[PDB]
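So you can see what is in the structure, the chains are spelled out below.
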Amino acid sequence: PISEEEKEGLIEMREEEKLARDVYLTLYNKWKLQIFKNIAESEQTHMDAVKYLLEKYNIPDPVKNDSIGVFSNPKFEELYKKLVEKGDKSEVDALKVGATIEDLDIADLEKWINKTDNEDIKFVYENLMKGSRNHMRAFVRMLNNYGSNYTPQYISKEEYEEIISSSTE
Amino acid sequence: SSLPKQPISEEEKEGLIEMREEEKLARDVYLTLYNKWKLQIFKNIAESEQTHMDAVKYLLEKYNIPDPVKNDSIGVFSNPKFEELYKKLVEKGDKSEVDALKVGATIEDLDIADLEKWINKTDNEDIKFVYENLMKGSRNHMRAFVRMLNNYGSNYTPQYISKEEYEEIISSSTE
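Attention in this report is confined to the structure presented alongside it. Note on numbering: residues are counted from 1 along each chain in the order of its written sequence, which can differ from the entry, and residues with no coordinates are hidden. Throughout, the order in which chains and ligands are written sets their labels, letters from A for the former and numbers from 1 for the latter. Based on all heavy atoms of the structure, the side-chain values leave hydrogens and waters out of the count.

1. Some remarks on the overall build of chain A
Turning to step 1, where the next piece is worked out: Counting its regular elements, chain A contains six helices and zero strands.
Turning to step 2, where the next piece is worked out: Starting at the N terminus, helices and strands are each numbered in turn, a helix being any DSSP run of H or I of at least four residues and a strand any DSSP run of E of at least two. Listing the helices and strands of chain A from first to last along the sequence gives α-α-α-α-α-α.
Turning to step 3, where the next piece is worked out: Only C-alpha atoms enter the radius of gyration, while the globule expectation follows 2.2 Å times N to the 0.38, with N the number of residues. Relative to the globule expectation of 15 Å for 169 residues, the C-alpha radius of gyration of chain A, 15 Å, shows essentially globular dimensions.
Turning to step 4, where the next piece is worked out: Each of the three principal axes of chain A carries a C-alpha extent, and together these read 50 × 35 × 20 Å.
Turning to step 5, where the next piece is worked out: Counting only residues that meet the buried cut, chain A has 50% of its 169 residues in that class.
Turning to step 6, where the next piece is worked out: Contacts are assigned to residue pairs that have any heavy atoms within 4.5 Å of one another. When contacts within chain A are restricted to residue pairs at least 6 apart in sequence, those whose partners lie at least 24 apart make up 78%.
Turning to step 7, where the next piece is worked out: Side chains of chain A give 24 positive and 35 negative charges; the mean places of these two sets differ by 4 Å. Relative accessibility thresholds used throughout: buried, under 20% of the residue-type maximum; exposed, over 50%; partly exposed, between the two (1.4 Å probe, protein chains only). In this count, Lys and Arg are taken as positive residues and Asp and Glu as negative ones, while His and the chain termini are left out. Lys charges are placed at NZ, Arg charges at CZ, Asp charges at CG and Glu charges at CD.

2. Focus on the interface of chain A and chain B
Turning to step 1, where the next piece is worked out: Listed by partner, the interface residues are 16 residues for chain A and 14 residues for chain B.
Turning to step 2, where the next piece is worked out: Defined here as a combined quantity, buried area equals the accessible surface (1.4 Å probe) lost by two parts on assembly, summed across both. For the pair chain A and chain B, the two sides together bury roughly 1,200 Å², of which 40% comes from carbon and sulfur.
Turning to step 3, where the next piece is worked out: Considering only the surface of chain A that becomes buried against chain B, A:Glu8, A:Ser156 and A:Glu158 emerge as the three largest contributors, covering 33% of it.
Turning to step 4, where the next piece is worked out: Salt bridges are identified by distance alone: a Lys or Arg side-chain nitrogen within 4 Å of an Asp or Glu carboxyl oxygen. At the surface where chain A touches chain B, the tally comes to two salt bridges.
Turning to step 5, where the next piece is worked out: A salt bridge links B:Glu116 to A:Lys115, with the shortest nitrogen-to-oxygen separation between them at 3.5 Å.
Turning to step 6, where the next piece is worked out: Residues adjacent in sequence count toward polar contacts only when both atoms are side-chain atoms; beyond that, a polar contact is any pair of N or O atoms within 3.5 Å, and within protein one must be able to donate a hydrogen and the other to accept it. At the junction of chain A with chain B, the criterion picks out nine residue pairs in polar contact.
Turning to step 7, where the next piece is worked out: Contributing elements (two or more residues each) for the side of chain A that touches chain B: α1 (5-31), α4 (91-114) and α6 (157-165) of chain A.
Turning to step 8, where the next piece is worked out: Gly is put with the polar residues, along with every residue not named as nonpolar or charged; the nonpolar set is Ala, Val, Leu, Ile, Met, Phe, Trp, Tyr, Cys and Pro, and the charged set is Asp, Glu, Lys and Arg. Grouping the constituent residues of the side of chain A that touches chain B by class yields three nonpolar, four polar and nine charged.

3. Examining α6(A)
Two residues of an α-helix separated by three or four positions point the same way, owing to the 3.6 residues in each turn.
Residue and element names in this part refer to chain A.
Turning to step 1, where the next piece is worked out: Among all positions in α6, only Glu-159, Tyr-160 and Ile-163 are buried. Considered in projection along α6, the buried side chains sweep an arc of 105° and stay on one side of the axis.
Turning to step 2, where the next piece is worked out: Looking at the packing, one finds that the buried side of α6 touches α4 and α5 (119-145). In this description, the arc belongs to the directions extending from the helix axis to the C-beta atoms.

4. Brief notes about the packing of α1(A) against α5(A)
All names here are of chain A.
Turning to step 1, where the next piece is worked out: Axis definition: a line fit to C-alpha positions, over the contact stretch in the case of helices; interaxial angles, taken between N-to-C directions, run 0 to 180 degrees. It is at 13 Å that the axes of α1 and α5 come closest, and there the two elements cross at 25°. Here α5 runs roughly parallel to α1, going by the angle between their axes. At the point where α1 passes α5, the crossing takes the left-handed sense. Contact residues: α1 offers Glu-6, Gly-9, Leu-10, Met-13, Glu-17 and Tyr-24, while α5 offers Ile-121, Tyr-125, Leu-128 and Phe-139.
Turning to step 2, where the next piece is worked out: Here the residues of the contact of α1 with α5 sort into seven nonpolar, one polar and two charged. Geometric relationships in this document are graded by angle, where less than 35 degrees denotes roughly parallel, more than 145 denotes roughly antiparallel, 65 to 115 denotes roughly perpendicular, and other angles denote oblique. Each crossing is labelled by how the near helix is turned from the far one, with a counterclockwise turn of less than a right angle marking it left-handed and a clockwise turn marking it right-handed.

5. Let's talk about the pattern of salt bridges
Residues and elements named next belong to chain A.
Turning to step 1, where the next piece is worked out: Per the counting criterion, the structure on display carries 28 salt bridges over all chains.
Turning to step 2, where the next piece is worked out: When the shortest N-O distance is used, the salt bridge between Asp-22 and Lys-18 registers 2.7 Å. Of this pair, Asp-22 and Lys-18 both sit in helix α1, four residues apart, which is roughly one turn of that helix.
Turning to step 3, where the next piece is worked out: Residue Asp-22 is classed as buried on the basis of its relative accessible area of 0%.
Turning to step 4, where the next piece is worked out: Relative accessible area serves as the criterion here: at 0%, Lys-18 is assigned to the buried category.
Turning to step 5, where the next piece is worked out: Residues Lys-51 and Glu-55 are paired through a salt bridge, measuring 3.9 Å at the closest nitrogen-oxygen approach. On the criterion of helical spacing, the pair formed by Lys-51 and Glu-55 is a turn pair, its members being four residues apart in helix α2 (residues 34-55).
Turning to step 6, where the next piece is worked out: For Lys-51, a relative accessible area of 36% puts it in the partly exposed group.

6. Here we look at helix α4 (residues 97-120) of chain B
Residue and element names in this part refer to chain B.
Turning to step 1, where the next piece is worked out: Expected helix span is given by 1.5 Å per residue-to-residue step, counting one fewer step than there are residues. A rise of 1.5 Å per residue sets the reference length of α4, with its 24 residues, at 34 Å; its end C-alpha atoms lie 35 Å apart and thus fit the reference within 8%.
Turning to step 2, where the next piece is worked out: Counting buried residues along α4, 19 of its 24 residues qualify, which places the element largely inside the surrounding structure.
Turning to step 3, where the next piece is worked out: Among the residues of α4, the N-terminal cap falls to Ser-96, whose side-chain oxygen and the backbone nitrogen of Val-98 are separated by 3.2 Å.

Next comes the structure, spelled out in structure tokens:
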């Protein structure tokens, strides 16, 4: 039941959740905030759900180097350089970055959740997305302890607010 | 003229606001860059992006929502997302003709993306129809810029829309 449209996204969504995991891993290493570790041991499983749907759909994997910061798509090759550099200037910047990621990520999952009807992906996608909301609730919560807050870039103001208000999932 | 008056929601509202200013970004950019480089395309598409501005204004009026474009002037925006986006863009495009051209492509890339993003977030049959036509107009701009890019021995890769869709957009003719 499997498109060429559908394929390409599974590729991106593979490398996307990789982008998340990598960054968190770097940032934890620079600032050593247990929150980056948590969300990474989680974004590891996010990677593996797609690996599951590539294996099962006979789609070439694109993480041909599981190492940090290495990418097929120079979209992510480029994003990492930027995010970590910016995350590196301060803890808040790191925490901002974290929210920025989960932020982009959700509006990116919603983007692909529509370009498919194949029901495994719809579900798997629906899932990681639950996963990302909690990682924002988290990031932003931590952010408020530091005196700061996040203003969303990619999702709507309305969906962001729906999220930080409603509790655990 | 399409009537009567339908069910509007909060993010439906929010989109409208954003899109009203999104099309203005496009317009203010193209206008700037024409002043800089004098490439006809920037004129022609600024005139279209004005149209697109007006069309959305039609819906803010129809559904009564405080319009965000208080000050019409070039490069002025409520939502700072756009002041920023505007500056970074003129920043790039003021560097070369090829750049100007790439910036163009890029606004349209982001334009079809957010259009799809927003369409997907609604079943107000009025809104839906404006956005769809906005995509229509925007797809033409893509081709216009891409064709112009080829004329300067360059190309473009999508950043916001699929590769898979970009290709299908370019390998078809004017709507």
